[PDB]
């Protein structure tokens, strides 16, 4: 999922688990557990803790417990559901947190690409995978000034810049392509080549792109060969920053 869908998972999952106490943690694919590296230590430390909250940083979910935080990344196929311990698990269920009320938080992931890290809450933000993560795109911490500073200092492409998770949290191939289209900026443009006006432009469209999706329709992503929705020019697809990049050669400069 992208940032907006992760926010939806966060918002909807929370009431379904808040105040529940973990009685057991069952792990069927230990490779998903990245910290502690020993999945048995992972399971043992969580037993007895109560879920107190659920936050999101970038595309990471942060489950807040009594002492620990559980940092979870769904990657492509990761999904959480809450269900009764009396019912058969669904396929590709790799981790299950059993609560004292007979309900379970189940983690499914056909790809097995998702990750889980557990640390004392006060440490989570300075350890992998959260350490270094850039500001939230919808927060005042992410500002034109911040973007300009990273842009001027680098030599790489504007697309590469926006894909950098230290620059801003949760911008993937898709939202980068769309934001650049709406700001009228070619993705292969050197970040340093952008004018102040262009920076403000890009920042404003990045926020609008993420923001509209979080609250509530693509221009370029995947649409190569189709007419641009603003000028009718065929959308193109190339490689920029070792990525498949979608753009309109007329709207974007």
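Numbering follows the first chain given and starts at 1.
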If you count the residues of the deposited sequence that sit between residue 216 and residue 217 but have no coordinates, do you get none, 1 to 3, 4 to 9, or 10 or more? 10 or more
Mean C-alpha B factor from the entry: is it higher for 220-228 or for 40-48? 220-228
As the entry reports it, the stretch among 188-196 and 57-65 with higher mean C-alpha B factor is 188-196
Which is it among 156, 94, 73, 79: the one with the largest CA B-factor in the entry? 156
Top Cα B factor in the deposited entry, candidates 114, 102, 135, 129: 135
Sorting the chain's modelled residues by C-alpha B-factor, tell me whether residue 206 ends up in the lowest, middle or highest third. middle
Split the chain's modelled residues into thirds by Cα B-factor; is residue 173 in the lowest, middle or highest one? highest
Compared with the other modelled residues in the chain, in which third is the CA B-factor of residue 238? highest
Looking at the temperature factor on the CA atom of residue 161, which third of the chain's modelled residues does it land in? highest
Residue 21: CA temperature factor from the record, placed by chain third, in the lowest
